[PDB]
Amino acid sequence: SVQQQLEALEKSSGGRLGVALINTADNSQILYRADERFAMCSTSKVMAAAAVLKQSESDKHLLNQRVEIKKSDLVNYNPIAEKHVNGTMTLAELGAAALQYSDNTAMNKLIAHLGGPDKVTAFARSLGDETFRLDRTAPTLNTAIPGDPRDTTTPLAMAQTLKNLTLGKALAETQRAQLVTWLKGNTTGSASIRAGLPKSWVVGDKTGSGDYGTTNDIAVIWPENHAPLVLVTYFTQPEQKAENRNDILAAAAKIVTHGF
């Protein structure tokens with residue numbers, strides 16, 4: 001069965017697998033360790049970008065607001081912001097950069113605009129997400145130490161919230177469409193969930209990778225002849241310098257979207 005397949009996948013993997021799939025046709029779920037906490041790593045960037053989108057609903061000038069980028073703002077991984085040092089980027093452009101290129105500088109600018117990590121947590125709570133917590137900025141939010149509660153959530157909680165964000169009640173229509181547009185245009189997720197799906201299915205996703213071989217992806221999936229699917233695949237390992245394992249995410253995705 002699907003459960004037996006996920007079990008067999010995890011047992012050979014050398015780590016701990018978390019899966020939550022929501023089928024919006026009938027709200028049915030496929031769950032594996034879905035109530036267990038995992039370090040989000042860069043999948044947390046979705047929540048920060050969405051918090052700014054929510055603000056923009058009541059401030060029509062916000063998304064085009066200029067943000068100065070400086071050399072000092074650059075951190076371990078910032079492919080887009082490094083192009084704009086000495087100039088500016090709009091908050092919209094920073095959302096796009098954070099979500100589609102996993103730009104760490106962009107993420108931090110979004111957090112600083114909002115007033116710090118705790119403000120991203122409060123936003124998640126306003127959406128009925130009682131699990132999500134953001135504690136640190138980038139890149140330290142990727143330390144993914146086993147048993148550390150900082151910057152974690154559960155697969156189910158994140159799947160529920162991603163559904164609410166992309167297909168449900170969380171955002172205004174224009175902003176919801178913008179989030180969906182951003183996720184669909186992600187460039188960093190080829191080898192993760194996307195690689196376990198039929199090639200012509202439309203997909204939006206956000207990856208995240210960190211220490212302890214922590215390898216994550218969260219996605220919204222639109223089949224050709226069926227209602228959407230929301231999928232969270234989280235994976236983490238016992239040793240600090242373990243290699244990341246996108247291949248496990250692709251394999252989980254294939255297992256739980258089988259036949260369907």
# chains A, B, ... in the order shown; residues from 1 in each chain; ligands from 1
>>> closest_atom_pairs(of="stretch 12-80 of chain A", to="stretch 141-146 of chain A", cutoff="10 Å", atoms="only C-alpha atoms", output="tab-separated table")
residue	atom	partner	partner_atom	distance
A:37	CA	A:146	CA	9.6
A:38	CA	A:144	CA	7.7
A:39	CA	A:144	CA	5.1
A:40	CA	A:142	CA	7.7
A:41	CA	A:142	CA	4.7
A:42	CA	A:142	CA	7.3
A:44	CA	A:141	CA	9.0
>>> closest_atom_pairs(of="stretch 46-161 of chain A", to="stretch 174-180 of chain A", cutoff="8 Å", atoms="only C-alpha atoms", output="Markdown table")
| residue | atom | partner | partner_atom | distance |
| --- | --- | --- | --- | --- |
| A:50 | CA | A:179 | CA | 7.2 |
| A:53 | CA | A:175 | CA | 5.9 |
| A:54 | CA | A:175 | CA | 7.5 |
| A:57 | CA | A:175 | CA | 7.5 |
>>> write_last_selection(atoms="N, CA, C and O atoms", output="mmCIF file, in the first residue's frame")
data_model
loop_
_atom_site.group_PDB
_atom_site.id
_atom_site.type_symbol
_atom_site.label_atom_id
_atom_site.label_comp_id
_atom_site.auth_asym_id
_atom_site.auth_seq_id
_atom_site.Cartn_x
_atom_site.Cartn_y
_atom_site.Cartn_z
ATOM 1 N N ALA A 50 4.285 35.843 1.919
ATOM 2 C CA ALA A 50 2.833 35.943 2.054
ATOM 3 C C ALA A 50 2.431 37.017 3.069
ATOM 4 O O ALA A 50 1.435 37.708 2.895
ATOM 5 N N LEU A 53 2.541 40.157 1.262
ATOM 6 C CA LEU A 53 1.377 40.230 0.373
ATOM 7 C C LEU A 53 0.134 40.658 1.154
ATOM 8 O O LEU A 53 -0.625 41.511 0.693
ATOM 9 N N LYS A 54 -0.067 40.084 2.337
ATOM 10 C CA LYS A 54 -1.210 40.466 3.178
ATOM 11 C C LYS A 54 -1.184 41.966 3.519
ATOM 12 O O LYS A 54 -2.222 42.631 3.488
ATOM 13 N N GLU A 57 -2.408 44.370 0.713
ATOM 14 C CA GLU A 57 -3.837 44.412 0.464
ATOM 15 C C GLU A 57 -4.434 45.720 0.956
ATOM 16 O O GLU A 57 -5.448 46.176 0.433
#
>>> closest_residue(among="A:98, A:164, A:227, A:139", to="residue A:76", atoms="only C-alpha atoms")
A:139
>>> closest_residue(among="A:115, A:87, A:14, A:198", to="residue A:223", atoms="only C-alpha atoms")
A:198
>>> closest_residue(among="A:72, A:225, A:126, A:209", to="residue A:242", atoms="only C-alpha atoms")
A:209
>>> select_by_dssp(residues="stretch 58-178 of chain A", states="helix (DSSP H, G or I)", output="count of residues only")
61
>>> select_by_dssp(residues="stretch 63-220 of chain A", states="strand (DSSP E or B)", output="number ranges by chain")
A: 66-68, 88-90, 152-153, 202-209, 215-220
>>> write_last_selection(atoms="C-alpha atoms", output="short mmCIF file (atom, residue, chain, number, x, y, z; two decimals), in the first residue's frame")
data_model
loop_
_atom_site.label_atom_id
_atom_site.label_comp_id
_atom_site.auth_asym_id
_atom_site.auth_seq_id
_atom_site.Cartn_x
_atom_site.Cartn_y
_atom_site.Cartn_z
CA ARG A 66 12.09 50.81 -2.94
CA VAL A 67 14.51 48.89 -0.72
CA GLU A 68 18.19 49.80 -0.78
CA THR A 88 17.32 49.27 -5.10
CA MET A 89 14.83 46.43 -5.41
CA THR A 90 11.10 46.74 -4.87
CA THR A 152 10.16 24.31 12.50
CA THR A 153 6.69 23.14 11.57
CA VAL A 202 1.35 22.31 -13.70
CA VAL A 203 3.27 22.82 -10.45
CA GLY A 204 4.38 25.60 -8.13
CA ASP A 205 6.77 24.88 -5.26
CA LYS A 206 9.34 26.13 -2.75
CA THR A 207 12.43 24.13 -1.81
CA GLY A 208 14.63 24.29 1.25
CA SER A 209 17.92 22.65 2.16
CA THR A 215 15.92 18.42 2.25
CA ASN A 216 12.47 19.85 1.86
CA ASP A 217 9.93 20.85 -0.77
CA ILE A 218 6.33 22.16 -0.57
CA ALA A 219 4.09 22.22 -3.66
CA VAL A 220 0.69 22.94 -5.18
#
>>> residues_around(residues="stretch 78-82 of chain A", least_positions_apart="5", cutoff="12 Å", atoms="only C-alpha atoms", output="PDB file with N, CA and C atoms, in the first residue's frame")
ATOM      1  N   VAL A  67      13.659  49.371  -1.794  1.00  0.00           N
ATOM      2  CA  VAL A  67      14.508  48.887  -0.717  1.00  0.00           C
ATOM      3  C   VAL A  67      15.950  48.963  -1.179  1.00  0.00           C
ATOM      4  N   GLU A  68      16.789  49.657  -0.421  1.00  0.00           N
ATOM      5  CA  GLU A  68      18.195  49.795  -0.780  1.00  0.00           C
ATOM      6  C   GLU A  68      18.963  48.490  -0.495  1.00  0.00           C
ATOM      7  N   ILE A  69      19.756  48.035  -1.467  1.00  0.00           N
ATOM      8  CA  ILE A  69      20.629  46.863  -1.292  1.00  0.00           C
ATOM      9  C   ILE A  69      22.074  47.289  -1.204  1.00  0.00           C
ATOM     10  N   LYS A  70      22.736  46.815  -0.165  1.00  0.00           N
ATOM     11  CA  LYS A  70      24.126  47.164   0.090  1.00  0.00           C
ATOM     12  C   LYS A  70      24.990  45.906   0.145  1.00  0.00           C
ATOM     13  N   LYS A  71      26.289  46.070  -0.082  1.00  0.00           N
ATOM     14  CA  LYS A  71      27.245  44.961   0.004  1.00  0.00           C
ATOM     15  C   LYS A  71      27.181  44.224   1.340  1.00  0.00           C
ATOM     16  N   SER A  72      26.847  44.960   2.394  1.00  0.00           N
ATOM     17  CA  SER A  72      26.810  44.424   3.747  1.00  0.00           C
ATOM     18  C   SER A  72      25.595  43.527   3.938  1.00  0.00           C
ATOM     19  N   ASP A  73      24.591  43.712   3.086  1.00  0.00           N
ATOM     20  CA  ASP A  73      23.385  42.889   3.144  1.00  0.00           C
ATOM     21  C   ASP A  73      23.595  41.483   2.617  1.00  0.00           C
ATOM     22  N   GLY A  87      22.100  49.777  -5.650  1.00  0.00           N
ATOM     23  CA  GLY A  87      20.832  50.211  -6.204  1.00  0.00           C
ATOM     24  C   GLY A  87      19.692  49.832  -5.284  1.00  0.00           C
ATOM     25  N   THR A  88      18.502  49.693  -5.859  1.00  0.00           N
ATOM     26  CA  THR A  88      17.324  49.271  -5.101  1.00  0.00           C
ATOM     27  C   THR A  88      16.586  48.115  -5.760  1.00  0.00           C
ATOM     28  N   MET A  89      15.795  47.422  -4.945  1.00  0.00           N
ATOM     29  CA  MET A  89      14.834  46.431  -5.405  1.00  0.00           C
ATOM     30  C   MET A  89      13.512  46.758  -4.747  1.00  0.00           C
ATOM     31  N   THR A  90      12.413  46.524  -5.450  1.00  0.00           N
ATOM     32  CA  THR A  90      11.101  46.740  -4.871  1.00  0.00           C
ATOM     33  C   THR A  90      10.784  45.523  -3.999  1.00  0.00           C
ATOM     34  N   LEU A  91       9.840  45.654  -3.076  1.00  0.00           N
ATOM     35  CA  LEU A  91       9.441  44.535  -2.224  1.00  0.00           C
ATOM     36  C   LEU A  91       8.875  43.405  -3.075  1.00  0.00           C
ATOM     37  N   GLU A  93       9.905  42.633  -6.066  1.00  0.00           N
ATOM     38  CA  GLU A  93      11.081  42.011  -6.658  1.00  0.00           C
ATOM     39  C   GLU A  93      11.808  41.133  -5.643  1.00  0.00           C
ATOM     40  N   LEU A  94      11.757  41.541  -4.375  1.00  0.00           N
ATOM     41  CA  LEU A  94      12.358  40.779  -3.270  1.00  0.00           C
ATOM     42  C   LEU A  94      11.525  39.532  -2.952  1.00  0.00           C
ATOM     43  N   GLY A  95      10.206  39.641  -3.053  1.00  0.00           N
ATOM     44  CA  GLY A  95       9.365  38.455  -2.936  1.00  0.00           C
ATOM     45  C   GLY A  95       9.724  37.453  -4.020  1.00  0.00           C
ATOM     46  N   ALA A  96       9.761  37.940  -5.252  1.00  0.00           N
ATOM     47  CA  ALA A  96      10.069  37.103  -6.399  1.00  0.00           C
ATOM     48  C   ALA A  96      11.431  36.435  -6.235  1.00  0.00           C
ATOM     49  N   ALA A  97      12.419  37.204  -5.795  1.00  0.00           N
ATOM     50  CA  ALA A  97      13.784  36.692  -5.626  1.00  0.00           C
ATOM     51  C   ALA A  97      13.880  35.659  -4.509  1.00  0.00           C
ATOM     52  N   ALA A  98      13.230  35.950  -3.390  1.00  0.00           N
ATOM     53  CA  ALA A  98      13.180  35.021  -2.268  1.00  0.00           C
ATOM     54  C   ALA A  98      12.519  33.704  -2.673  1.00  0.00           C
ATOM     55  N   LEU A  99      11.399  33.764  -3.386  1.00  0.00           N
ATOM     56  CA  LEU A  99      10.672  32.538  -3.721  1.00  0.00           C
ATOM     57  C   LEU A  99      11.231  31.797  -4.939  1.00  0.00           C
ATOM     58  N   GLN A 100      11.628  32.500  -5.997  1.00  0.00           N
ATOM     59  CA  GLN A 100      12.006  31.801  -7.224  1.00  0.00           C
ATOM     60  C   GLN A 100      13.494  31.421  -7.332  1.00  0.00           C
ATOM     61  N   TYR A 101      14.356  32.080  -6.560  1.00  0.00           N
ATOM     62  CA  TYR A 101      15.796  31.795  -6.521  1.00  0.00           C
ATOM     63  C   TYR A 101      16.334  31.487  -5.117  1.00  0.00           C
ATOM     64  N   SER A 102      15.445  31.410  -4.131  1.00  0.00           N
ATOM     65  CA  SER A 102      15.815  31.185  -2.728  1.00  0.00           C
ATOM     66  C   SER A 102      16.858  32.174  -2.216  1.00  0.00           C
ATOM     67  N   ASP A 103      16.745  33.421  -2.664  1.00  0.00           N
ATOM     68  CA  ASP A 103      17.698  34.460  -2.297  1.00  0.00           C
ATOM     69  C   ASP A 103      17.621  34.805  -0.809  1.00  0.00           C
ATOM     70  N   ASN A 104      18.714  34.570  -0.092  1.00  0.00           N
ATOM     71  CA  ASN A 104      18.717  34.768   1.358  1.00  0.00           C
ATOM     72  C   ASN A 104      18.677  36.239   1.742  1.00  0.00           C
ATOM     73  N   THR A 105      19.283  37.086   0.917  1.00  0.00           N
ATOM     74  CA  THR A 105      19.290  38.521   1.179  1.00  0.00           C
ATOM     75  C   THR A 105      17.862  39.043   1.060  1.00  0.00           C
ATOM     76  N   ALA A 106      17.154  38.575   0.039  1.00  0.00           N
ATOM     77  CA  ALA A 106      15.769  38.957  -0.180  1.00  0.00           C
ATOM     78  C   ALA A 106      14.884  38.584   0.997  1.00  0.00           C
ATOM     79  N   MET A 107      15.010  37.343   1.450  1.00  0.00           N
ATOM     80  CA  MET A 107      14.290  36.862   2.631  1.00  0.00           C
ATOM     81  C   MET A 107      14.494  37.797   3.818  1.00  0.00           C
ATOM     82  N   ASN A 108      15.746  38.129   4.107  1.00  0.00           N
ATOM     83  CA  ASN A 108      16.043  38.976   5.252  1.00  0.00           C
ATOM     84  C   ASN A 108      15.439  40.372   5.131  1.00  0.00           C
ATOM     85  N   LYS A 109      15.393  40.913   3.917  1.00  0.00           N
ATOM     86  CA  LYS A 109      14.784  42.211   3.709  1.00  0.00           C
ATOM     87  C   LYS A 109      13.294  42.134   3.960  1.00  0.00           C
ATOM     88  N   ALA A 138      17.952  34.439   7.763  1.00  0.00           N
ATOM     89  CA  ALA A 138      18.791  33.593   6.919  1.00  0.00           C
ATOM     90  C   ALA A 138      20.244  34.018   7.089  1.00  0.00           C
ATOM     91  N   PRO A 139      21.191  33.062   7.023  1.00  0.00           N
ATOM     92  CA  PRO A 139      21.065  31.621   6.791  1.00  0.00           C
ATOM     93  C   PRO A 139      20.964  30.758   8.052  1.00  0.00           C
ATOM     94  N   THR A 187      12.616  28.344  -9.822  1.00  0.00           N
ATOM     95  CA  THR A 187      13.668  27.743 -10.630  1.00  0.00           C
ATOM     96  C   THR A 187      14.462  26.652  -9.908  1.00  0.00           C
ATOM     97  N   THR A 188      14.331  26.568  -8.587  1.00  0.00           N
ATOM     98  CA  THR A 188      15.187  25.680  -7.788  1.00  0.00           C
ATOM     99  C   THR A 188      14.697  24.248  -7.481  1.00  0.00           C
TER     100      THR A 188
END
>>> closest_residue(among="A:166, A:121, A:161, A:154", to="residue A:33", atoms="only C-alpha atoms")
A:154
